[PDB]
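**Student:** Pasting in a structure now, in structure tokens, and then I'll have a few things to ask.
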Amino acid sequence: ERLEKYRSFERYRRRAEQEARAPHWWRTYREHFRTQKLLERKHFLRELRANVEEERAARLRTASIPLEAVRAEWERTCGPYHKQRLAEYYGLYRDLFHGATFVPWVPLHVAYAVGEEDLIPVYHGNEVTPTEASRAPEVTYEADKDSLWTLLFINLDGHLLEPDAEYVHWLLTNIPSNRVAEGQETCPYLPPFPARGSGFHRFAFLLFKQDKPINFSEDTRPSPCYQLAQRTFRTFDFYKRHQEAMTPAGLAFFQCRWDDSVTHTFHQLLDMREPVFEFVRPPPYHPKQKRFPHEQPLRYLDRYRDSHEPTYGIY
Amino acid sequence: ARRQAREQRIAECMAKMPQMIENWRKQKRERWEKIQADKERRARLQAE
Amino acid sequence: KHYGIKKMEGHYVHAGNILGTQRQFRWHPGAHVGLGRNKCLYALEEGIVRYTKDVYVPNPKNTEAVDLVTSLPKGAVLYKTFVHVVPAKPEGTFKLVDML
Amino acid sequence: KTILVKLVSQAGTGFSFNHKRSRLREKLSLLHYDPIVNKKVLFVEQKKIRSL
Amino acid sequence: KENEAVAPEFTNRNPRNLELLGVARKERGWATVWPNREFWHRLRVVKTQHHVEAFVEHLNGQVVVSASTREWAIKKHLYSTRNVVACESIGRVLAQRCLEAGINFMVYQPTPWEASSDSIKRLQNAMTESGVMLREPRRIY
Amino acid sequence: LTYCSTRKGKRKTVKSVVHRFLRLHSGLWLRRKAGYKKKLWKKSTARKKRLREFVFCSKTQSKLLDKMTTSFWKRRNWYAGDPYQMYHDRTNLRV
Amino acid sequence: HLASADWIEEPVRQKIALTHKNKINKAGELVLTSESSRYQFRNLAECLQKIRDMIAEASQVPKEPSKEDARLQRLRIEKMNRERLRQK
Amino acid sequence: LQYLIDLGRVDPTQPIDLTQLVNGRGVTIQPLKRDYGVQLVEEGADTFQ
RNA sequence: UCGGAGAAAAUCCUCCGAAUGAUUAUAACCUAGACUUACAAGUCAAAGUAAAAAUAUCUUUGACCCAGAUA
Ligand SMILES: [Mg+2]
Ligand SMILES: [Mg+2]
Ligand SMILES: [Mg+2]
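Residue numbers (the entry's author numbering), protein chains in the order written: chain 6, 46 to 78, 99 to 380; chain q, 112 to 159; chain W, 49 to 148; chain 1, 14 to 65; chain P, 39 to 179; chain 3, 94 to 188; chain p, 104 to 191; chain M, 100 to 148.
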């Protein structure tokens, strides 16, 4: 009686949801399943509050916000952290580095040019058709002077023979500062080739800070190379060999399905018959037959038959 | 002949089916309207 | 009659198996477990049955449940028992059908 | 008391189904699914079957 | 040809592979509780005293896309942490991130008064205009 | 029943069995559900569906029906267009 | 071989190749198979009917688009989002 | 039918009727048990030469 | 004969009712897997398809034969 009682449904709901998050003794569903910036920040706010026009629009409920300005500011402040969530959510950190997690810090930007009028961007989790990815994409990531780089683009789940391995698409090395044309093309650019009926493949862009120029002669690949046995590649072991001078700083990944252009890639240059896959569900469970299916309909016999066509044996 | 006679019978009744359903909804609604209308009389409000 | 728990916690249960029959809500539907008209509990997936307690939030529309919930003391919330089946197999797998 | 009545489809089909009506009320008419027409049509009372 | 060699069984590891295809499992129980949990993704909008937050969370409980009025970039371009336009603006910001993340189909479960609330109605309009579908498609069996 | 008839000295079929049950050659017996035509106005829709089905008989019931009929009713019948053509045989039965 | 084959008229050939590109082998031949029976007669008969149906459906214009199935709805909606995402 | 022809029990040179099938013991007919004759059955069609 | 309740899975143990109606948004077909059960009878139900654009909501019983009524 001393404690007050929730006077509204929402109060209980907010209490309940917060209550659910906390761990409990009893089994539950979840178990099984700087200062100067502050001062400057405040000062800008006060100016915004003073503006009468801001008040009038708000009370007239006609105000609006510029999305582009927020996006750029969001990138500076906490974009690294949100990007990390997507990478963990999409499984990049577990499939790439065997569970190691790195916060992206370089605001990497990639877009696939469609003709010349417009260019398709590649954000985190975006959808880009293989036709759109036929040619290599423009990359601008605001390196600043010096600080050599290496750009690595790979499809994590596109391998056709070994599950763990993945296929390199193009690898640029010794990229000095912003300019990317000055990079050694160890791996030539290949169009994405996701098999038909194989679901959505996730392709990611990886940028590594380079302390000192290192010749990646082992990772150099002949240009052009159309052999999948040579495109097989593990990010995890590769980063081990270069972890001294390679530290990741950028991310960008997109999802793509199969497409008619994929048919061209499998035949024209890969020079192999294209693989076709289908989603197969497991056979339905039926209890073991009984010689006498007592109290069962006539359909019982059809459940355990394989061929729908009559047979005659000796006749 | 039986098949054709049956088919045309269904078609003729089906042709008038839309209107008949419309009429039966009007009767059902007005039946409800009388209940709600006489329920909401100002005389009922006078008691309220 | 013979009301009770047909399937106990830790049992492999196929898609349609009935888990419990109840005159009153002794247990409540959980995840991948459905309700019958007679309030019996049946699995909706193939998996392992689990009984676990969790907070109860009712549908806003029903008046009686909301009123009782609101009248609860601010300190805590009421609980109930829920039944769960943990799916034990993947939905499906991709296989090579043809090479063109 | 209550009587069992035979509601007959008015779509021209012979389809009908039995329903229960309170003898004090007026003759029952319902919208019901006609399998032979695959549509929802009016069913109109035609006969009394028995007294429930 | 070495290239022709292909493993008999493909093993796609993308977490959203089955969900995107539409064959992934959605929880169908919780019949006695509100809201239903037959959603691949859910939109949670919380109106506190200060600020207003909108989230997108998977069934496993990991938030994917979050838009909050407590974020520096949004605050400087708004006038008040709580407002009807705020809801609209944060919804537009949330949608662009949602489109950015590739989450096109989502489940929203408002309460009766919340659904009737004008601010939430406007927020849904922004998401619908943005192209984010507030109702998920049925599962494929 | 009659084990040794006066005129022929044979077993006799119980015709009430032949009028209610169907024998599939594999050894199974089919039957209807009791009451499937009775008082349908007060039965639930699911209950009516259960009643309409053809259902198999138990091992003991099958043993009794075998005793009450003669061998003529257990033979192979090659009826053209038989609707039970597929159900006279058992497939993938390990037991 | 779809293109070389002359018994099919050329206008039909082009439509068939575009419509059923998925069934054309790298050699350019149109490969269709049937595995629905234990007797190869019906399997061959099923295969032949597909050829006849494919030719007939290409010959006749499919003006009707029909209703949009949920699969088409999902495909259309995701396509629109891609367009809006590429406002650049 | 192919088995009977291969082993010489049915003569393919002459026309085949129910008498020839019965004479070669390829089929057993019981008129008293309501048999009206023999129906050709598709089984074995793939290998019939 | 059956249903509800205490003793608590015993009783010639102690109570209340039912051989129901009301209410209607009318509540299909088909089909995995289970409950209950000597037999008979009685329950729950995913998926698919079809009507519509939320289920019927309150909470039970009588077999076979044999007679009816109809399209
Ligand atoms: Mg014989
Ligand atoms: Mg039984
Ligand atoms: Mg269903």
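The beta carbon of each residue, even a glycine, is placed where N, CA and C say it ideally should be.
Taking C-beta pairs closer than 7 Å, name the residues in chain 1 that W134 (chain 3) reaches, listed in chain order.
**Tutor:** Those are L17 and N31, listed as they occur along chain 1.
**Student:** For the beta strand (DSSP E) holding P186 (chain 6), just list the boundary residues, first then last.
**Tutor:** Run containing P186 (chain 6): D183 to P186, per the beta strand (DSSP E) assignment.
**Student:** Taking only beta-carbon positions, decide if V140 (chain M) is within less than 7 Å of chain 6.
**Tutor:** Chain 6, which has a Cβ nearer than 7 Å to the Cβ of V140 (chain M), makes this yes.
**Student:** Could you check whether the stretch 132-148 of chain W touches the stretch 49-63 of chain P, counting it as contact only if at least three pairs of C-beta atoms, one from each stretch, sit closer than 8 Å?
**Tutor:** As far as the Cβ criterion goes, the stretch 132-148 of chain W touches the stretch 49-63 of chain P, which means the pair count is three or higher.
**Student:** Tell me the residue span of the alpha helix (DSSP H) that contains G144 (chain 6).
**Tutor:** Looking at the DSSP string, the run of the alpha helix (DSSP H) that includes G144 (chain 6) is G144 to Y155.
**Student:** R176 (chain P) versus chain p: which residues are under 8 Å apart at the beta carbon?
**Tutor:** Simply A173.
**Student:** For ligand 1, is there a heavy atom less than 6 Å away from the beta-carbon of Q138 (chain M)?
**Tutor:** No.
**Student:** For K129 (chain p), which residues in chain W fall below 9 Å Cβ to Cβ?
**Tutor:** Under the 9 Å cutoff, chain W gives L148.
**Student:** Excluding the 5 residues flanking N220 (chain 6) on each side, which residues of the same chain have their C-beta closer than 7 Å to its C-beta?
**Tutor:** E231, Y232, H234, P257, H266 and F268.
**Student:** Opposite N142 (chain P) in the DSSP bridges: which residues?
**Tutor:** For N142 (chain P), which the question treats as bridged, DSSP gives no partner whatsoever.
**Student:** Would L316 (chain 6) pass as a contact of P68 (chain 6) if the rule is Cβ separation under 7 Å?
**Tutor:** Not a contact, by the Cβ cut-off of 7 Å.
**Student:** So which of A123 (chain 6), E119 (chain 6) and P172 (chain 6) has the shortest CA-CA distance to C143 (chain 6)?
**Tutor:** The residue with the shortest Cα to Cα distance from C143 (chain 6) is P172 (chain 6).
**Student:** Let me know the alpha helix (DSSP H) ranges lying completely inside the stretch 149-234 of chain 6, each 4 residues or longer, listed in chain order.
**Tutor:** Runs of the alpha helix (DSSP H) inside the stretch 149-234 of chain 6: 157-161.
**Student:** Ignore the nearest five residues each way along the sequence and tell me which others in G82 (chain W)'s own chain have a CB closer than 6 Å to its CB.
**Tutor:** Closer than 6 Å at the Cβ level, and outside the excluded window around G82 (chain W), lie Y90 and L92.
**Student:** Anything in chain W within Cβ reach of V134 (chain p), meaning under 8 Å, just list it in chain order.
**Tutor:** Here the neighbours are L148.
**Student:** Tell me which residues of the stretch 43-69 of chain P have at least one Cβ-Cβ distance to chain W shorter than 8 Å, keeping chain order.
**Tutor:** Listed by position, the residues of the stretch 43-69 of chain P near chain W (Cβ gap below 8 Å) are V44, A45, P46, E47, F48, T49, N50, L56, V61, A62, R63, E65, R66, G67, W68 and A69.
**Student:** Helix or strand or just coil, what does DSSP make of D156 (chain p)?
**Tutor:** Of the three classes helix, strand and coil, the one that applies to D156 (chain p) here is helix, per DSSP.
**Student:** Less than 6 Å between the CB of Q129 (chain M) and some heavy atom of ligand 1, yes or no?
**Tutor:** Indeed, a heavy atom of ligand 1 lies less than 6 Å from the Cβ.
**Student:** May I ask you to list the residues that DSSP assigns as paired with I66 (chain W)?
**Tutor:** Its beta-bridge partners are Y90 (chain W).
**Student:** Which same chain residues, not among the five before or five after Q147 (chain P), have their C-beta less than 6 Å away from its C-beta?
**Tutor:** Answer for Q147 (chain P): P73, listed in chain order.
**Student:** Can you tell me the Cα-Cα spacing of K55 (chain W) and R36 (chain 1), whole angstroms?
**Tutor:** Approximately 49 Å between the Cα atoms of the pair.
**Student:** Using DSSP bridges, identify the partner residues of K101 (chain W).
**Tutor:** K101 (chain W) pairs with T129 (chain W).
**Student:** Give the residues of chain W in contact with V90 (chain P), contact being defined as C-beta atoms less than 9 Å apart.
**Tutor:** Ordered by position in chain W, no residue passes the 9 Å Cβ test against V90 (chain P), which lies about 20 Å from the chain.
**Student:** Spell out a yes or no on whether the stretch 116-124 of chain p and the stretch 124-133 of chain M are touching, meaning 3 or more CB-CB pairs, one atom from each, closer than 8 Å.
**Tutor:** No: the two stretches stay apart, fewer than three of their Cβ pairs being nearer than 8 Å.
**Student:** Anyone know if the C-beta pair for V131 (chain W) and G95 (chain W) falls short of 7 Å?
**Tutor:** No, these two residues do not count as a Cβ contact at 7 Å.
**Student:** Would you check whether ligand 2 has a heavy atom nearer than 6 Å to the C-beta of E360 (chain 6)?
**Tutor:** Checking the Cβ of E360 (chain 6) against ligand 2 gives yes.
**Student:** Is there contact here, the stretch 38-45 of chain 1 with the stretch 105-116 of chain 3, by at least three beta-carbon pairs under 8 Å?
**Tutor:** Taking 8 Å as the limit for Cβ pairs, the verdict is that the stretch 105-116 of chain 3 does not touch the stretch 38-45 of chain 1.
**Student:** When the Cα of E152 (chain P) is compared with those of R177 (chain P), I141 (chain P) and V122 (chain P), which residue comes out closest?
**Tutor:** Checking every option, the nearest Cα to that of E152 (chain P) belongs to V122 (chain P).
**Student:** For a test of the three-state rule: what should DSSP assign to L172 (chain P), helix, strand or coil?
**Tutor:** Reduced to three states, the DSSP call for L172 (chain P) is coil.
**Student:** Just grab the DSSP bridge partners of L44 (chain 1) for me.
**Tutor:** The partner list for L44 (chain 1) (beta bridge, DSSP) reads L55 (chain 1).
**Student:** Does the beta carbon of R286 (chain 6) come closer than 7 Å to any beta carbon on chain P?
**Tutor:** No, its Cβ sits nowhere closer than 7 Å to a Cβ of chain P.
**Student:** Report the three-state DSSP secondary structure of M161 (chain 3) (helix, strand or coil).
**Tutor:** It is coil, neither helix nor strand.
**Student:** Quick one: grab the DSSP three-state call for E132 (chain p).
**Tutor:** Coil.
**Student:** Does DSSP put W122 (chain 3) in a helix, a strand or coil?
**Tutor:** Strand, per DSSP.
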